[PDB]
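A.B. asks: To be precise about what I am sending: the file is called my_file-v9.txt and holds compact mmCIF, C-alpha atoms.
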```
# COMPACT_ATOMS: atom_id res chain seq x y z
CA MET A 1 12.24 -81.54 -142.12
CA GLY A 2 10.34 -81.88 -145.48
CA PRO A 3 6.83 -82.51 -146.91
CA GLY A 4 6.93 -86.23 -145.85
CA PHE A 5 7.39 -85.31 -142.14
CA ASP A 6 4.88 -82.43 -142.65
CA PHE A 7 2.08 -84.88 -143.65
CA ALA A 8 3.13 -87.41 -140.90
CA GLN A 9 3.05 -84.63 -138.22
CA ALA A 10 -0.43 -83.45 -139.37
CA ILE A 11 -1.76 -87.03 -138.89
CA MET A 12 -0.01 -87.56 -135.52
CA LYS A 13 -1.14 -84.21 -133.99
CA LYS A 14 -4.90 -84.74 -134.66
CA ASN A 15 -5.53 -88.46 -135.39
CA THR A 16 -3.55 -90.45 -132.74
CA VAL A 17 -4.09 -91.44 -129.08
CA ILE A 18 -2.00 -93.54 -126.72
CA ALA A 19 -3.82 -96.91 -126.25
CA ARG A 20 -2.92 -99.17 -123.25
CA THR A 21 -4.10 -102.82 -123.02
CA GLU A 22 -2.75 -105.65 -120.75
CA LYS A 23 -0.19 -106.32 -123.61
CA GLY A 24 1.36 -102.74 -123.41
CA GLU A 25 1.18 -99.16 -124.80
CA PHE A 26 0.48 -98.72 -128.59
CA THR A 27 0.22 -95.84 -131.04
CA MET A 28 -3.50 -95.93 -132.04
CA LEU A 29 -4.74 -94.23 -135.27
CA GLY A 30 -8.22 -92.61 -135.13
CA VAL A 31 -9.86 -92.83 -138.59
CA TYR A 32 -13.35 -91.16 -138.22
CA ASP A 33 -16.10 -90.60 -135.57
CA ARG A 34 -15.06 -92.83 -132.55
CA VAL A 35 -13.45 -95.55 -134.77
CA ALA A 36 -9.70 -96.30 -134.46
CA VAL A 37 -7.28 -99.13 -135.42
CA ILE A 38 -4.61 -101.06 -133.46
CA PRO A 39 -2.56 -104.26 -134.12
CA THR A 40 -4.66 -107.37 -133.30
CA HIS A 41 -1.82 -108.64 -130.99
CA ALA A 42 -2.76 -105.71 -128.59
CA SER A 43 -5.64 -108.08 -127.51
CA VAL A 44 -8.28 -105.33 -127.01
CA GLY A 45 -10.91 -106.24 -124.36
CA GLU A 46 -14.12 -104.63 -122.96
CA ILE A 47 -12.07 -101.74 -121.37
CA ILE A 48 -8.99 -99.93 -122.79
CA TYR A 49 -6.98 -96.88 -121.52
CA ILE A 50 -6.94 -93.93 -124.04
CA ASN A 51 -4.39 -91.22 -123.00
CA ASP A 52 -4.51 -92.84 -119.46
CA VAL A 53 -8.36 -92.58 -119.16
CA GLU A 54 -10.51 -95.70 -118.61
CA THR A 55 -12.66 -96.10 -121.80
CA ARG A 56 -15.41 -98.67 -122.61
CA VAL A 57 -14.91 -100.51 -125.94
CA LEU A 58 -18.29 -100.38 -127.79
CA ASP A 59 -17.17 -102.81 -130.57
CA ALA A 60 -13.92 -104.51 -131.68
CA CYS A 61 -13.33 -106.60 -134.81
CA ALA A 62 -10.12 -108.49 -135.73
CA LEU A 63 -10.07 -108.30 -139.54
CA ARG A 64 -9.41 -111.35 -141.76
CA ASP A 65 -9.37 -111.60 -145.58
CA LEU A 66 -11.93 -113.71 -147.51
CA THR A 67 -9.40 -116.65 -147.40
CA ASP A 68 -9.98 -116.45 -143.54
CA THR A 69 -6.32 -115.29 -143.18
CA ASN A 70 -5.25 -112.86 -140.37
CA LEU A 71 -4.77 -109.17 -141.48
CA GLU A 72 -3.39 -108.12 -137.97
CA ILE A 73 -5.76 -105.03 -137.94
CA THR A 74 -8.37 -104.63 -135.14
CA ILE A 75 -11.04 -101.93 -135.69
CA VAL A 76 -12.18 -100.47 -132.36
CA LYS A 77 -15.16 -98.21 -131.59
CA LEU A 78 -14.44 -96.18 -128.39
CA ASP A 79 -16.98 -94.83 -125.83
CA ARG A 80 -15.22 -91.42 -126.13
CA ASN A 81 -16.93 -87.97 -125.83
CA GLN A 82 -15.09 -86.60 -128.91
CA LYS A 83 -14.82 -87.56 -132.63
CA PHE A 84 -11.63 -87.90 -134.70
CA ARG A 85 -11.08 -85.74 -137.76
CA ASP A 86 -12.30 -87.88 -140.69
CA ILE A 87 -9.13 -89.01 -142.62
CA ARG A 88 -10.78 -91.77 -144.72
CA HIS A 89 -10.03 -89.78 -147.96
CA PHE A 90 -6.26 -90.31 -147.24
CA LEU A 91 -6.63 -94.18 -147.35
CA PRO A 92 -5.57 -96.08 -150.48
CA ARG A 93 -8.28 -98.03 -152.34
CA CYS A 94 -5.93 -100.84 -153.63
CA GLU A 95 -2.86 -102.89 -152.50
CA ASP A 96 0.30 -101.05 -153.77
CA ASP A 97 4.04 -100.37 -153.37
CA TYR A 98 5.16 -96.84 -152.25
CA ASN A 99 8.22 -94.58 -152.28
CA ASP A 100 9.57 -92.45 -149.46
CA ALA A 101 7.38 -93.45 -146.45
CA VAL A 102 7.59 -92.19 -142.80
CA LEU A 103 6.77 -94.35 -139.75
CA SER A 104 5.47 -92.12 -136.87
CA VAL A 105 5.12 -93.27 -133.20
CA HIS A 106 3.76 -91.51 -130.12
CA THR A 107 3.97 -93.34 -126.75
CA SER A 108 5.33 -92.61 -123.19
CA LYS A 109 8.58 -94.42 -124.27
CA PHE A 110 8.80 -92.77 -127.78
CA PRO A 111 7.02 -89.35 -127.93
CA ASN A 112 7.14 -87.36 -131.22
CA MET A 113 9.16 -90.09 -133.05
CA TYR A 114 9.39 -89.92 -136.91
CA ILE A 115 11.44 -92.46 -138.98
CA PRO A 116 12.13 -92.05 -142.74
CA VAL A 117 11.85 -95.76 -143.71
CA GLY A 118 12.21 -95.22 -147.51
CA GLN A 119 10.79 -97.60 -150.16
CA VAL A 120 7.76 -99.78 -149.14
CA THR A 121 7.21 -103.19 -150.87
CA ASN A 122 3.82 -104.91 -151.20
CA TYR A 123 5.32 -108.04 -149.52
CA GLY A 124 1.99 -109.94 -149.18
CA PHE A 125 2.32 -113.16 -147.14
CA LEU A 126 4.27 -113.11 -143.83
CA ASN A 127 4.49 -115.66 -141.03
CA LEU A 128 4.14 -113.02 -138.26
CA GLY A 129 4.99 -114.43 -134.79
CA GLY A 130 3.89 -117.88 -136.10
CA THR A 131 0.56 -116.56 -137.59
CA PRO A 132 0.02 -116.63 -141.42
CA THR A 133 -0.76 -112.96 -142.28
CA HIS A 134 -1.75 -111.28 -145.60
CA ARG A 135 -1.47 -107.69 -147.06
CA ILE A 136 1.94 -107.00 -145.39
CA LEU A 137 4.01 -103.94 -146.40
CA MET A 138 7.83 -104.22 -145.83
CA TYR A 139 10.49 -101.49 -145.37
CA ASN A 140 14.26 -101.86 -144.77
CA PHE A 141 14.53 -100.22 -141.33
CA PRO A 142 15.54 -102.01 -138.09
CA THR A 143 12.33 -101.21 -136.14
CA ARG A 144 12.16 -102.18 -132.40
CA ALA A 145 9.73 -103.06 -129.59
CA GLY A 146 7.68 -99.91 -128.80
CA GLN A 147 6.86 -99.07 -132.50
CA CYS A 148 3.77 -101.36 -132.96
CA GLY A 149 0.70 -99.36 -134.04
CA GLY A 150 3.04 -96.72 -135.55
CA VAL A 151 1.45 -94.97 -138.57
CA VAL A 152 3.04 -95.43 -142.03
CA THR A 153 2.39 -92.45 -144.39
CA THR A 154 3.49 -91.03 -147.72
CA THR A 155 2.80 -87.41 -148.76
CA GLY A 156 -1.00 -87.49 -149.14
CA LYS A 157 -1.66 -91.11 -147.97
CA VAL A 158 -2.04 -93.11 -144.71
CA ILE A 159 -1.03 -96.61 -145.95
CA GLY A 160 -0.60 -98.89 -142.89
CA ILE A 161 0.16 -99.56 -139.21
CA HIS A 162 3.44 -101.12 -137.96
CA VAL A 163 2.90 -104.75 -136.69
CA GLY A 164 6.42 -106.29 -136.41
CA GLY A 165 10.01 -106.70 -137.57
CA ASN A 166 12.92 -109.19 -137.87
CA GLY A 167 15.75 -106.83 -136.66
CA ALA A 168 16.65 -105.69 -140.26
CA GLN A 169 13.16 -105.20 -141.85
CA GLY A 170 9.88 -103.75 -140.47
CA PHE A 171 6.34 -104.87 -141.44
CA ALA A 172 3.03 -102.94 -141.57
CA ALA A 173 -0.58 -104.14 -142.11
CA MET A 174 -2.20 -102.30 -145.06
CA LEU A 175 -5.01 -99.82 -144.42
CA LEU A 176 -7.61 -99.83 -147.22
CA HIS A 177 -10.55 -97.39 -147.69
CA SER A 178 -12.92 -100.44 -147.94
CA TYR A 179 -12.27 -101.34 -144.23
CA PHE A 180 -14.04 -98.08 -143.04
CA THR A 181 -17.18 -97.72 -145.25
CA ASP A 182 -20.38 -97.14 -143.12
```
How would this structure read if it were set down as structure tokens?
C.D. replies:
Amino acid sequence: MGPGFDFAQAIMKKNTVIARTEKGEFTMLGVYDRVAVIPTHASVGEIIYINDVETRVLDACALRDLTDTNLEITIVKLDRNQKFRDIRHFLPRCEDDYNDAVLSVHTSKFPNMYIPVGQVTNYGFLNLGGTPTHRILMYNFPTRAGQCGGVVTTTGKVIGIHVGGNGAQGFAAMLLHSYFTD
């Protein structure tokens, strides 16, 4: 409808796949080459389904901060025959608050879904499903089961991936440029 949804759509159409693990279907953001991200609660193994095709996982790393606290981001390298468009220049360098964000989801259940979630707070610490978690972004939208792995954007920036909610608020793990240096 506007430049927010325009930027979100541009990311969804070229930089997302549908990932299936034994824990369900997730929106999965491709970042560069064969490297993507997914919530750590997806429990990625040696094999994953990418758009319903059996795919070997070449590497997977559940990120933690230097306090050894969960970040809820898993970086996955896929044995795929095709690279993602490199979107690392759209990643923030620092932890921040944002205005006017969009959460975008693409699964079998929720194809072509875009949610204007509004103001995003640098919330920080969250007890997420019983697990102490750092670098959490919060937005005041009643997000539901099916939205995990959803991409949070502003005009010009890819800022996080949706990892949970409490029925009134939704929570995203930050994406930082420093996670994807090579």
A.B. asks: Do you have the CA of residue 51 in chain A-CA of residue 16 in chain A distance handy?
C.D. replies: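 So the two atoms, CA of residue 51 in chain A and CA of residue 16 in chain A, lie 9.8 Å apart.
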A.B. asks: What's around range 108-120 of chain A at 8 Å? Count only C-alpha atoms, leave out sequence neighbours fewer than 3 positions away in its own chain, and write the answer as JSON, numbers by chain.
C.D. replies: {"A": [5, 8, 25, 97, 98, 99, 100, 101, 102, 103, 104, 105, 137, 138, 139, 140, 141, 146]}
A.B. asks: Skipping near chain neighbours, those fewer than 3 positions away, what residues fall within 12 Å of residue 53 in chain A using all atoms listed in the file, listed as a ChimeraX atom specification?
C.D. replies: /A:17-21,47-50,56,78-81
A.B. asks: So which one's closest to residue 95 in chain A, A:75, A:175, A:1, A:61? Using only C-alpha atoms, please.
C.D. replies: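 Answer, going by the shortest atom-to-atom distance: A:175.
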A.B. asks: Figure out the distance between CA of residue 26 in chain A and CA of residue 149 in chain A, please, to one decimal in Å.
C.D. replies: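 Atom-to-atom, CA of residue 149 in chain A and CA of residue 26 in chain A are spaced 5.5 Å apart.
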A.B. asks: Between A:176, A:72, A:87, A:168, which has the minimum distance to residue 126 in chain A (counting all atoms listed in the file)?
C.D. replies: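 Of A:176, A:72, A:87, A:168, the one nearest residue 126 in chain A, counting all atoms listed in the file, is A:72.
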A.B. asks: Do a neighbour search on residue 124 in chain A at 7 Å with all atoms listed in the file, toss out local chain neighbours closer than 4 positions, and write the hits as a PyMOL selection string.
C.D. replies: chain A and resi 134-137
A.B. asks: Between CA of residue 162 in chain A and CA of residue 64 in chain A, what distance in Å does the model show, to one decimal?
C.D. replies: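 Interatomic distance here is 16.9 Å.
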A.B. asks: Would you kindly identify which residues have an atom no farther than 6 Å from (-4.3, -112.1, -145.1), using all atoms listed in the file and the file's own coordinates, and write them out as a list in words?
C.D. replies: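 Output of the proximity query reads residues 65, 69, 70, 71, 133, 134 and 135 of chain A.
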A.B. asks: Got a sec: who's within 7 Å of range 91-94 of chain A, counting only C-alpha atoms, leaving out chain neighbours fewer than 5 positions off, as a list in words?
C.D. replies: residues 157, 158, 159, 175, 176, 177 and 178 of chain A
A.B. asks: Compare A:45, A:39, A:132, A:30 by their minimum atom-to-atom distance to residue 163 in chain A, counting only C-alpha atoms, and give me the closest one.
C.D. replies: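 Of A:45, A:39, A:132, A:30, the one nearest residue 163 in chain A, counting only C-alpha atoms, is A:39.
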A.B. asks: Point out the residue among A:122, A:57, A:130, A:52 with the least atom-to-atom distance to residue 160 in chain A, counting all atoms listed in the file.
C.D. replies: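 Among the listed residues, the smallest separation from residue 160 in chain A belongs to A:122.
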A.B. asks: Have a look at A:76, A:66, A:174, A:161 and name the one nearest to residue 148 in chain A; count only C-alpha atoms.
C.D. replies: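 Of all the options, A:161 lies closest to residue 148 in chain A.
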A.B. asks: Let me make sure I understand: among A:55, A:153, A:131, A:82, which one has the smallest atom-to-atom distance to residue 41 in chain A if we use all atoms listed in the file?
C.D. replies: A:131
A.B. asks: Which polymer residues have any atom within 6 Å of an atom of residue 32 in chain A, counting all atoms listed in the file, with same-chain residues fewer than 6 positions away left out, as a list in words?
C.D. replies: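 The filter keeps residues 84, 85 and 86 of chain A.
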A.B. asks: How would range 18-35 of chain A look written as a compact mmCIF listing (two decimals), in the first residue's frame with N, CA and C atoms?
C.D. replies:
```
# COMPACT_ATOMS: atom_id res chain seq x y z
N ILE A 18 10.40 -21.24 2.06
CA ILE A 18 9.63 -21.94 3.11
C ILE A 18 10.52 -23.06 3.64
N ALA A 19 10.88 -22.99 4.93
CA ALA A 19 11.69 -24.04 5.61
C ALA A 19 10.75 -24.95 6.42
N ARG A 20 10.89 -26.27 6.27
CA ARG A 20 10.16 -27.25 7.12
C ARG A 20 11.19 -28.08 7.89
N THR A 21 11.01 -28.14 9.20
CA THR A 21 11.75 -29.04 10.12
C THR A 21 10.70 -29.97 10.75
N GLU A 22 11.12 -30.84 11.66
CA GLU A 22 10.17 -31.68 12.47
C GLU A 22 9.32 -30.84 13.44
N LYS A 23 9.66 -29.58 13.67
CA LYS A 23 8.92 -28.63 14.55
C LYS A 23 7.96 -27.72 13.77
N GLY A 24 7.80 -27.87 12.44
CA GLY A 24 6.84 -27.13 11.60
C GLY A 24 7.44 -26.43 10.39
N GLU A 25 6.59 -25.60 9.76
CA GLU A 25 6.92 -24.70 8.63
C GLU A 25 7.26 -23.30 9.14
N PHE A 26 8.37 -22.70 8.66
CA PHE A 26 8.84 -21.36 9.07
C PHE A 26 9.15 -20.53 7.82
N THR A 27 8.84 -19.25 7.88
CA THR A 27 9.48 -18.24 7.00
C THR A 27 10.99 -18.33 7.29
N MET A 28 11.80 -18.36 6.24
CA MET A 28 13.27 -18.43 6.37
C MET A 28 13.85 -17.34 5.46
N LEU A 29 14.63 -16.44 6.03
CA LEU A 29 15.28 -15.29 5.35
C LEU A 29 16.67 -15.73 4.84
N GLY A 30 16.85 -15.70 3.51
CA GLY A 30 18.18 -15.85 2.89
C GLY A 30 18.91 -14.53 2.95
N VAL A 31 20.19 -14.54 3.32
CA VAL A 31 20.94 -13.29 3.59
C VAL A 31 22.01 -13.06 2.51
N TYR A 32 22.75 -14.10 2.11
CA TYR A 32 23.77 -14.03 1.03
C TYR A 32 24.20 -15.45 0.72
N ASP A 33 24.74 -15.66 -0.48
CA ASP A 33 25.27 -16.98 -0.95
C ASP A 33 24.23 -18.05 -0.58
N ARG A 34 24.58 -19.08 0.20
CA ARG A 34 23.61 -20.16 0.57
C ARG A 34 23.35 -20.07 2.07
N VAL A 35 23.45 -18.88 2.64
CA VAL A 35 23.34 -18.66 4.11
C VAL A 35 21.99 -18.01 4.41
```
